[PDB]
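Heads up, the Cβs are rebuilt from the backbone with ideal geometry, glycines too, and the neighbour counts pull from every protein chain shown. What follows is calculated from the coordinates using simple rules that are stated; it is not laboratory data.
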Amino acid sequence: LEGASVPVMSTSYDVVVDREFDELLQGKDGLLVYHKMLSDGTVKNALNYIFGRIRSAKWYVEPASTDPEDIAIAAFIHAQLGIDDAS
Amino acid sequence: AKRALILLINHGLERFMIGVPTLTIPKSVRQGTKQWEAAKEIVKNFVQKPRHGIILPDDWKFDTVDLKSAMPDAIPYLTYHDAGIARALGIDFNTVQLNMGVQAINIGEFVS
């Protein structure tokens, strides 16, 4: 039985370097652009909706099986997170 | 933007509502004369006392500045910025128009 023969490789070709072609958005200079966009009212309106809806999705823990031991381990994790009706 | 637009609209509304008076007089008329006071009184009264009326010799010409178009309607751009204040806090109904104007049937969904 053999492990992986193919390594994980970068998404790079020609001007595309690690998924990005535009120099102004490469690396940490890129992060400064995204940070400045948080000051835009339309960006903030969208994130308020998206992030609100994500948290409201009625989060719960499903066990690996209906076996009592798998239920027991699932209950431990439920208790760790404090799963409740309002998330 | 809202504060800067209210200042600009206030100023525009006065020039389109009242008009900017111009009085063209003969070159002989000199400042600090009877004729000069009469010129200042005409321009002042146009603004302050419109019912007063204007009597001119035939070598004096009164007019308002021709702005050459209607005043632009800046209300939609002002309400874009004003309602935008509430949008930036994550409110998803218009807090400036509220119930007024043609709208979506289902206001309840935007409150949700």
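Could you tell me the relative contact order of chain B? Use alpha-carbon pairs under 8 Å, at least six residues apart, and round to a whole percent.
Normalised by residue count, the contact order of chain B is 29 percent.
With helices defined as uninterrupted DSSP H runs, which ones in chain B have an alpha carbon span along their own long axis of at least 18 Å and mean Kyte-Doolittle hydropathy of at least -1.0?
The answer, listed by residue number, is B:2-17, B:34-48.
Under a point-charge model restricted to the Cβ atoms of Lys and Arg (+1) and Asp and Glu (-1), what is the dipole moment magnitude of chain B relative to its Cα centre, in debye to the nearest 20? Numbers along the way, then the final one.
Numbers: 13 positive and 11 negative charges, 119 e Å.
Dipole of chain B, to the nearest 20 debye: 580 debye.
Can you list the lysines whose alpha carbon is less than 18 Å from that of residue B:40, not counting same-chain residues fewer than 8 positions off?
B:27, B:49, B:61
How well do other chains shield peptide B:65-77, expressed as the mean number of their Cβ atoms within 10 Å of each residue Cβ? Before the final figure, lay out each step's value.
Numbers: counts 0, 0, 0, 0, 0, 0, 0, 0, 0, 0, 0, 0, 0.
The mean count of partner-chain Cβ atoms within 10 Å per residue comes to 0.
Applying the Karplus parametrisation 6.51 cos²θ - 1.76 cosθ + 1.60 with θ = phi - 60° to the phi angles of segment B:27-32, what ³J(HN,Hα) value in whole Hz is obtained for each residue in order, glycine and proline being reported as x?
4, 4, 5, 10, 4, x
Looking at B:78, B:32, B:110, which one has the Cα that reaches farthest to the positive end of the dipole of chain B (charges on Cβ: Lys, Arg +1; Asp, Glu -1)?
B:32
I'd like the distance between the alpha-carbon centres of segment A:1-30 and segment A:48-87, rounded to an integer number of Å.
Between the Cα centres of segment A:1-30 and segment A:48-87 lies a distance of 35 Å.
Relative to the first principal axis of the alpha-carbon coordinates of chain A, what is the inclination of helix A:68-81, with its axis defined by its Cα atoms, in degrees from 0 to 90 and to the nearest 10?
50 degrees
In whole Å, what is the distance between the alpha-carbon centres of segment B:85-112 and segment B:3-23?
Between the Cα centre of segment B:85-112 and that of segment B:3-23, the gap is 32 Å.
Specify the angular offset, from 0 to 90 degrees and rounded to the nearest 10, of the alpha carbon long axis of helix A:41-55 from the longest principal axis of the alpha carbons in chain A.
Once rounded, one gets 20 degrees.
Given 10 °C and 1.306 mPa s, how large is the Stokes-Einstein diffusion coefficient of segment B:1-71 in µm²/s, with Rh as the Kirkwood radius over Cα pairs?
It comes out at roughly 111 µm²/s.
Given the -39500 (n - 2.57) contribution per DSSP H run of 4+ residues, what per-residue ellipticity at 222 nm results for chain A, rounded to the nearest 500 deg cm²/dmol?
Helix-only estimate at 222 nm: -14500 deg cm²/dmol.
Between residue B:22 and residues 5 or more places away or on another chain, which pairs have amide H atoms under 5 Å apart, with H built 1.01 Å from N, and which residues are they?
Amide H neighbours of residue B:22, under 5 Å, 5+ apart: B:63, B:64, B:65.
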